[PDB]
Amino acid sequence: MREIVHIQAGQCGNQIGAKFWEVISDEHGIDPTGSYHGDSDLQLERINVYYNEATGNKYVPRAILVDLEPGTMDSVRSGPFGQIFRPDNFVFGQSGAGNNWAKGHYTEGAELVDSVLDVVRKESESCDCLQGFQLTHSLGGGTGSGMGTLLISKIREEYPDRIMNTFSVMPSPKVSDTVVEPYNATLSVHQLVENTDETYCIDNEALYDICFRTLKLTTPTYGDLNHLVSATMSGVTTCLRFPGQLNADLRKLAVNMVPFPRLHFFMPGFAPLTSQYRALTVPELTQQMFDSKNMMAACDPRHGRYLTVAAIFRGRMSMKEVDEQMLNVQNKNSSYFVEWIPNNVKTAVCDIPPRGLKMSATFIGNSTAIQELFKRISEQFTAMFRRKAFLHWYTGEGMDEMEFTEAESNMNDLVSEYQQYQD
Amino acid sequence: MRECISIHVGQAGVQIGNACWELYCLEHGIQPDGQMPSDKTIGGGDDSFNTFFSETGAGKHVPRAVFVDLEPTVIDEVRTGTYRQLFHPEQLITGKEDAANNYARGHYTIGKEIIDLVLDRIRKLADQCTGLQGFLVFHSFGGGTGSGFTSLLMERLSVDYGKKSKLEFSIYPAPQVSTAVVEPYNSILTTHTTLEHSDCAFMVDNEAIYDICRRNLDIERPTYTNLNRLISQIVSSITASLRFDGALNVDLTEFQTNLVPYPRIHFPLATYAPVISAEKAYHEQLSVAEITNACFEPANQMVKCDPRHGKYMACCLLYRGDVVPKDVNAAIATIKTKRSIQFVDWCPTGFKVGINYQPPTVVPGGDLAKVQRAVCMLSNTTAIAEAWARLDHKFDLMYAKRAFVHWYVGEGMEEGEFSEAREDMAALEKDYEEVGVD
Amino acid sequence: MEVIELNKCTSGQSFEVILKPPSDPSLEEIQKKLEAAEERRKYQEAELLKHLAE
Amino acid sequence: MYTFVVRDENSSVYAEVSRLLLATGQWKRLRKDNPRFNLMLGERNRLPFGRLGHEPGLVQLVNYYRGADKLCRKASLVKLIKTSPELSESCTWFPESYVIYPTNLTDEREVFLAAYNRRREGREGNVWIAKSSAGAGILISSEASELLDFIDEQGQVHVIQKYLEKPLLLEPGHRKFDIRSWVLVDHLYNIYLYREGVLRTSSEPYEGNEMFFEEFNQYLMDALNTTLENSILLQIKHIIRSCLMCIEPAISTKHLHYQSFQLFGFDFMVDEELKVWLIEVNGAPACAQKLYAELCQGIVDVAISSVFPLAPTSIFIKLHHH
Ligand SMILES: Nc1nc2c(ncn2[C@@H]2O[C@H](COP(=O)(O)OP(=O)(O)OP(=O)(O)O)[C@@H](O)[C@H]2O)c(=O)[nH]1
Ligand SMILES: Nc1ncnc2c1ncn2[C@@H]1O[C@H](COP(=O)(O)OP(=O)(O)CP(=O)(O)O)[C@@H](O)[C@H]1O
Ligand SMILES: Nc1nc2c(ncn2[C@@H]2O[C@H](COP(=O)(O)OP(=O)(O)O)[C@@H](O)[C@H]2O)c(=O)[nH]1
Ligand SMILES: c1csc(CNCc2ccncc2)c1
Ligand SMILES: [Ca+2]
Ligand SMILES: [Ca+2]
Ligand SMILES: [Ca+2]
Ligand SMILES: [Mg+2]
Ligand SMILES: [Mg+2]
Ligand SMILES: [Mg+2]
C-alpha cells in the first residue's frame, strides 16, 4: 500500500497526464467508467499505487487536474477516459497564465494554489503510506511551469520527507509556442534543481525528431508527441505498478540513481519505435534502447558519461539473454560509464508488456550529457536577457531582474556541476 | 537443554529464515500446523530440537524466532504462507516503510522508533527459556534494514544479554542479484558497528550461491527461492549440532571456541558438498573422500577466494549421512598429501569432525537432489580477507567522490562515521595480513 | 594421524583428528547516538522550513 | 571487441603485446583502474588477485600466476627445492644452497658451515657465492668468514650456494656463459618452451655478448661433436617441467573464478661435463632485442587469443605432462 499522488498542471501537463492514465488504465484493465475488466491478477496486485477504490469495485485515479483556464480540462472531462477522474479533483481558474511564469507562480497562480493543496491534502489522507508525488507539466508555458513549481514548493513545506518526481517537458525553438519559453524554462529549472528528487527531462525537440525521422511522420502534432510521452511514462512506472522480483519504491530508486542531490535530471528512452508486426529480438531492443534516436532528451549520450542507468524490460523473453545484452552494451562502451560507481547499470524485467507489443524496453539514464540541454536553454535565455527583451511581461507582475540573474547563475552552475563529473 | 532464539532482520533475513524453518520442520517431522507426532512429551520436554522449538499445551511446536522488517510485504508472505500456523502474531514485526537501502535510515531514523518494540518481543521469547544460549541473526549487508537496524539490534542485544553468544548469517552483496549501488557503504558501515558485538559470523556471498545454482543445479537464471533453499542447507548443517543429539558444536559458545581464536577475525569460510541437480536422470553417490576433497574446491565455497594462498587457523568438518570415522580420516590423509593447506604456526594442524547419521533433508519439489551423505567445512582462512578487499575497494571508489554520501548525512549521520568505519576495515584487513603473510 | 575424543550416540558421532601439533556502548551512550542523529535531522529540516518560509 | 588494462608501463614484453593487441583492431585499452576488462597486464608487486573474476558476464585473464613467487624468489626457490618431495634435497641439477638470515634479524647458518668444513678438510674446491633478491650485491669467496660477514653487513635474506668452479668455456676466448630460456604457461597450464634462447657470454677469459642457439649449437658440433638438443636442451626441458609441475597444484587456475598465464625466464649454467645447472627463475623476464617480435606474438597467440579468440609450425615446444 505505497500510494502515489499524481498532479497534472497546465495545457501540456494535462494533455500528457490524460494520455498517461488512458494507457495505464488499459494495462490495468480499467474501463472509462472505472470498472475492472482484466484477466490477470497482476493487473490488481499493485493497482492501489495509482488508483483509489470506491464502492462497487470502482477504481478512481489518484490524480489532481490543475489549470488556470478551463479549456484543456474541459477536453479531458470530455475525452475518452474523462469520466474516470474524480469530479472534485478538477481545480481550475478562469484568468489563464498567458504563458507567463510570473503569473503562474506569483499572481494568478497564488490565488488558486491553496485550493489545489486542499485536494492534495484530501488524497494524501486516504493513503495507507504515501510514497510521494509525481507532476506532469511543461516548463515553457505559464501554469505548468510557474504554478507547477509553486505547487512543488508548497507541497515540500507540508510533505518534506516524501518523494517528489516530475515529468517535465523542456521547450525547444523547433516546437515553440512563444518566444518567452527560455525565460519560463530557466525560472522553472531553478525551482526543480532545489525541490525535486527525480525529474524526467522530456525534450520536445527530441520527440519531434523521433516522429519525423524515425516514425516517418510528415507533420507531427502534439498528439503524436504525446503518444511517445505516454509510452515512456508507462515504461518508467512499470516497476511500480506490477509485481516482480523488484520491490522498487520511489525512495529506493532515488537513493540508487542520484549520487549528488542537484544532479537528479534523467534522460528517458524507449524501444521499439517502429514506423510493425515483426518480432523485435532482445539484441534489437538493447541496441535501440541505447541509441540516441530512441532517447527523449535530445542529448547525445556520447557527449557525456552515465552516472547511473536503469533499464526495464517488459514481456516474456530470455532473462539470460537480457543479462547477456546489457553486460555486452556496458563492456562494449565502458568509456561512457563513470568507473567510480561500481555496477551503475541495473536491469529489471516484467512479464506484462504494453498493449500491442510482444516486448519493449524503457531506458532511464542519469547522464552528464543532459548538460547540453541546459546549455541550449541558457543560450536562448541569455540572448534575450542581455537586451532585457520581453522582460516587461514579468516586471509587470512584480518580478525584479535580480531574480532572472539568479535563476541563470544556478543553471550555469548546474551545467558546470555536470562538466566536472564528466571528467 | 539451552535455547537458541533466531532473529531475521530485513528481506533477506526473513526469506532465508523462512527457508530454514521450512527445512527445520521437515528435518524434525513438524507439520505446518505445529504438530509433531514423534514428540511423546506433550506441552513440554527438553529434547535437542526444543532448543529451536517451544511447546504449547495443545501440542504445537512454535519456533524460537523473531522476524523483523521495516516494511510489511515480505513478512506478510509468512503470515499467509504455508507455515502461517507455526508463529503467533507477536513473532512477526513489520513497520510501514523501509530504509530504502540507506544504512543511516535503518539505524537512526527508523531504527530508533522500533528498537524497543523488537527488544520487547525478544524478551518474550527469552522469558520462555531456562538457559538461553544466544542469538542467531540473519540479515543482508546491502539492505538498509539488514545493515542499519541489525547493527543497532546487536548493540542493544549486548546490553540486555551481555553473557549471551551472538552469531551472524550475513548475505554479502553481489551485483548479479541486486539492483542497488550503495551496498558497499552499508556493508562497511554495518560491519564497523557490529564487529565488537558478533562472536561468529558466516558470510555467504550471493555471487557464490548464484554460480553454484547455475553450475550444479543448471538454473540459467537463479531466483531468490533457489538461493534460499541452498543457503538453508548450509545453515541447517551449521545449526544441526544445536538441534540434534551430538557432541561437536553443542552450544553457540563452541562455535567461537573452535572457529575463532582472535575476536576480530570471526568470519569462517563455509564450504558445502555435494550440490546435485534433482532434474538429473540419477547421480552417482559421492564418497566420503570425494565430498571431503570437494571442500577444497573454490567452486563450492560460500565466498569465492583462494585458501591455497592464505593460512588456516581452525577447521571443522560437519558430516551428514552415511559417514563413518574410518572413511573421514582416510580422506583427510589423502587431501593433506595433495592440497595446499598452510596452517598458522600458533595453531594445531587438525580438524574437529562431527557426524550426524540423518542425511540431508531436501524440500520436495525443490532443486536439490536427495544425497546419501554431505559435508560442510567451516575453516577460518585469511583468504576470506579477499572479500573485505573487494568490498573496501568499491567503497573507496565512491567515497573519493562522496557519491551518495548526502543520502546518509540527510538521515542524521555524520560524514565522519564513513571514514571511521573505513579505517576500521583497513585495520581488519591489516589483522588478516599479519596472521597469514610472512 | 591421531584420533581423539570419539563420541558415539544413536544419531551420529563426533571426533577429532590431529595431523601435526602446533609450533561496549552502554544503554545510555546508545540513546545519545540516536538522539544526536535525530537532532541533526531536526536542524536540517528547520533550515529547510526557514528557507521555505523566506 | 575485447578490453585490456596496462598496469606495468615498464614491461618491455607486454608493452609489445599491448602494442600488438591494439594493432588487431579487436582489442581496446582501458584506463588502468577500469575493472570492466578482459585481460590484465598487471603490476609486478602487489597485483590484486582478490579483485579478479568478480565482474558479472566478464571472463577475466591476468599475465601472472598468484604464487609463482615461490619459484622466482631466491630464498623461496631454495626452500621449495629442499622441502618438496617432487624435488627432494638430493636434486641433482640445483647447486647446493642454504638460506642464511643476517644476524640482525628458518636459518641454515650451522648447516651451511658443516658442509663447508667437509670440503675444506677434504681438499675439495670450497668456493661459494652469496646473493639475495634485493640486488641490482654479490660476493664470491672461498673463505666462509667473508661470506657470512658480508650478509650481516646487509639487512635482507641471503642464500649461499656452491659456485660452479668448472664452467664450460667457449673457444676461442676461454670465456664463461649462461643460458636464458623463456617459458610460457597458459591458463590450461600447458608448459610451452620458446624455440629460441640466448647465451650471455662473458667477454673476458675465465655481438653484444649474446649468442643464440643456432650459433651455440654449431659450436657444440665442431668443438664437442654433439648437439644443443642432446647435450643441454634435454636437461633444460627436464628442469623446467620439474619446477613448474611441482607448484602446479598451488598456482593452477583451472577451477578458479579467473584465469592466469605467465612468462618465465629460466637461467641455466653449463659445466665442462655438459651437465646443466639451475641458477634462478625470473618471473618478470625481459627478451632479447632480436626476439621480441616472435615471442611477443607467440604470447598473444597461445596465451591471450586462446581465451579471447579473434575473427605454423609453433614457435613453442610443448612440454607435455600429467
Ligand atoms: N541470498 C539472498 N539474498 C537476498 C535475498 N533478498 C535480498 N537479498 C540481497 O539483499 C540485498 C538487498 O537488501 P535487502 O535485504 O533486500 O534490504 P532490507 O533488509 O529489506 O532493507 P531495506 O533497504 O529497508 O529494504 C541485495 O544484495 C540482495 O541480493 C534473499 O532472499 N536471499
Ligand atoms: N653458483 C654459481 N656458480 C657459477 N656461476 C654463478 C653461480 N651463481 C651465479 N652465477 C653467475 O651469475 C649469473 C647469474 O646471476 P644472478 O641471476 O644471481 O643475478 P641476477 O638475477 O640479477 C641476473 P638475471 O636474474 O637476469 O639472470 C650467471 O651468469 C652465472 O654465471
Ligand atoms: N509534448 C507536448 N508539449 C506541449 C503540449 N502542449 C504544450 N506543449 C509545450 O509546452 C509549452 C507551452 O506550455 P503550456 O503547457 O501550453 O503552458 P500552460 O498551459 O500555461 O502550462 C511549449 O513548449 C509547448 O511546445 C503537448 O500536448 N505535448
Ligand atoms: C527523500 C528524502 S528527503 C527528500 C527530499 N524531498 C524534497 C521534496 C520536494 C518537493 N515536495 C516534496 C519533497 C526525498
Ligand atoms: Ca484575481
Ligand atoms: Ca516434547
Ligand atoms: Ca558481546
Ligand atoms: Mg499553451
Ligand atoms: Mg526490504
Ligand atoms: Mg633476478
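Every number for a ligand or one of its atoms is a count from 1 in the order of the listing. Basis for what follows: all heavy atoms, side chains included, without hydrogens, waters or symmetry-related copies. Throughout, a chain's letter reflects where its sequence line sits, starting with A, and its residues are numbered from 1.
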Checklist line | Distance-only N or O hit between ligand 3 and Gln15(A), under 3.5 Å | finding: yes
Check: Which atom names give the shortest non-hydrogen contact between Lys166(B) and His197(B), and what distance separates them?
Finding: CE-O, 2.9 Å
Notebook entry, point to check: With only distance considered, is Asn226(A) within less than 3.5 Å of ligand 3 through an N or O on each side?
Noted result: yes
Next item on the list: Please determine if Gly142(A) has a nitrogen or oxygen closer than 3.5 Å to a nitrogen or oxygen of ligand 3.
Entry: yes
Next item on the list: Could you tell me whether the side chains of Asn249(B) and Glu254(B) share a donor-acceptor contact shorter than 3.5 Å?
Entry: no
Item checked: Test side chain to side chain donor-acceptor pair (under 3.5 Å) applied to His264(A) and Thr196(A), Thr199(A), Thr166(A), the passing residue -> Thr196(A)
Residues 68-84 of chain A side chain polar contacts: donor-acceptor under 3.5 Å, at least two apart:
unit_1   : atom_1 : unit_2   : atom_2 : d
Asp74(A) : OD1    : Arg77(A) : NH1    : 2.9
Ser78(A) : OG     : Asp74(A) : O      : 3.3

Note to self: Between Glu3(B) (side chain only) and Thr130(B) (backbone N and O only), is there a donor and an acceptor less than 3.5 Å apart?
What the structure shows: yes
Check: Are the aromatic rings of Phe363(A) and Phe270(A) close, with centres under 6.0 Å apart?
Finding: no
Margin query: Aromatic contact between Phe167(A) and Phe20(A), with the criterion being ring centroids under 6.0 Å apart: yes or no?
Written below: no
Note to self: If we set the cut-off at 4.0 Å for heavy atoms, which region of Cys12(A) has an atom near ligand 3: side chain, backbone, both, or neither?
What the structure shows: both
Check: Sequence neighbours excluded, which residues qualify as side chain to side chain contact (heavy atoms under 4.5 Å, CB included) partners of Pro301(A)?
Finding: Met267(A), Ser292(A), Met295(A), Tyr306(A)
Check: What are the atoms of ligand 3, with element, lying closer than 4.0 Å to any heavy atom of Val175(A)?
Finding: 25 (O)
Check: What do you reckon, does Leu225(A) have a nitrogen or oxygen under 3.5 Å from a nitrogen or oxygen of ligand 3?
Finding: no
Margin query: Taking salt bridge (charged side-chain N to carboxylate O under 4.0 Å, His left out) as the cut-off, I'd like each qualifying pair that reaches into residues 168-196 of chain A, sequence neighbours left out, listed once.
Written below: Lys174(A)-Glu205(A)
Margin query: Regarding ligand 3, does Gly10(A) bring an N or O atom to under 3.5 Å of one of the ligand's N or O atoms?
Written below: no
Check: What do you reckon, does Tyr222(A) have a nitrogen or oxygen under 3.5 Å from a nitrogen or oxygen of ligand 3?
Finding: yes
Next item on the list: Using a strict cut-off of 4.0 Å, indicate which atoms of ligand 3 neighbour a heavy atom of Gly144(A).
Entry: 21 (O)
Item checked: ligand 3 to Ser145(A) polar contact by distance, N or O atoms, under 3.5 Å -> no
Next item on the list: Any atoms of ligand 3 less than 4.0 Å from a non-hydrogen atom of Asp177(A)? List them with their elements.
Entry: 12 (C), 22 (C), 24 (C)
Margin query: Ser138(A) versus ligand 3: do any nitrogen or oxygen atoms come within less than 3.5 Å of each other?
Written below: yes
Margin query: With 3.0 Å as the threshold, which protein atoms of type N, O or S lie near the Ca ion (ligand 5)? Leave waters out.
Written below: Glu111(A) OE1
Item checked: N/O separation below 3.5 Å, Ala97(A) to ligand 3 -> no
Check: Less than 6.0 Å separating the ring centroids of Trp393(A) and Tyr183(A)?
Finding: no
